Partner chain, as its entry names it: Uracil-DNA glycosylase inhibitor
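The chain below stands alone, shown as structure tokens; this is the form solved without the partner chain.
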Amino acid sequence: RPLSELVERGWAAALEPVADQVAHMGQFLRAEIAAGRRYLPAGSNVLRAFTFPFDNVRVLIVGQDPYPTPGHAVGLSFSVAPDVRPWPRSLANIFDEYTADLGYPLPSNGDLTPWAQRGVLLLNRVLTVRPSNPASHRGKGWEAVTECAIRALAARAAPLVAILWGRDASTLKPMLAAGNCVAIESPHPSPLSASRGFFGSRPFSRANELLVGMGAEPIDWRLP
């Protein structure tokens, strides 16, 4: 399939250099199913972050790998469907930092689509996972795809702030070395890393200050 059937057109053009790799991934995923190994999120959600316009991305959030529990991952990093409770621990931790930083009430639900509609790309370094097996698709080929995505964003040379959560930060910063790009890092919001530096990192206000510094408009982070 042409990438234009799977992703928004700006993203299809940006990712055309890795189109074969995306096709390779689809073959991998189908072979996993044939071998009895499922993946998450749903196939139609794998590339969901790339269905919001490439040309509108102002903030890139980059996590590690999708939630491994069935019913959680939706193809926007960290997000869940609006009916999901309890929220996953990483998301609950994100929302505590959100209230600490911004002073807003806790969100009504775990659905981050408003951020995606507002120019926040909710990416992961690796775009699939086998259920119950954290990080199990590492090294399977997503990395080249997400490197192309990140570099293509950087190459726009439009104001961009990248928020890097977790162990990929040192790998990803060189990909964001470009005019009008700034990368800020912390430990990941997961259960056993959040209290080692995620909390207190204030990414939402920081990203807005960095955007304004560059002459861009800040993100309205307010969730319903």
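Think of the rigid core as the biggest set of C-alphas that the two forms share within 1.5 Å after superposition. Numbering follows the first chain given and starts at 1.
The form solved in complex with the partner chain exists for this protein as well; it is not shown, and the discussion that follows is about that form.
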property: Any non-hydrogen atom of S193 within 4.5 angstroms of the partner chain in the entry with it bound; result: yes
property: In the entry with it bound, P88 touching the partner chain (heavy atom, 4.5 Å); result: yes
property: In the entry with it bound, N133 touching the partner chain (heavy atom, 4.5 Å); result: yes
property: Interface membership of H72, the partner chain in the entry with it bound, 4.5 Å heavy atom rule; result: yes
property: Listed range touching the partner chain, judged in the entry with it bound by heavy atoms within 4.5 Å, from 176-184, 154-162, 40-48, 193-201; result: 193-201
property: Entry of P70, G26, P191, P53 that shows, once the rigid core is matched between the shown form and the other one, a C-alpha shift of 2 Å or more; result: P191
property: Large Cα move at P17 between the shown form and the other one, threshold 2 Å, rigid core; result: no
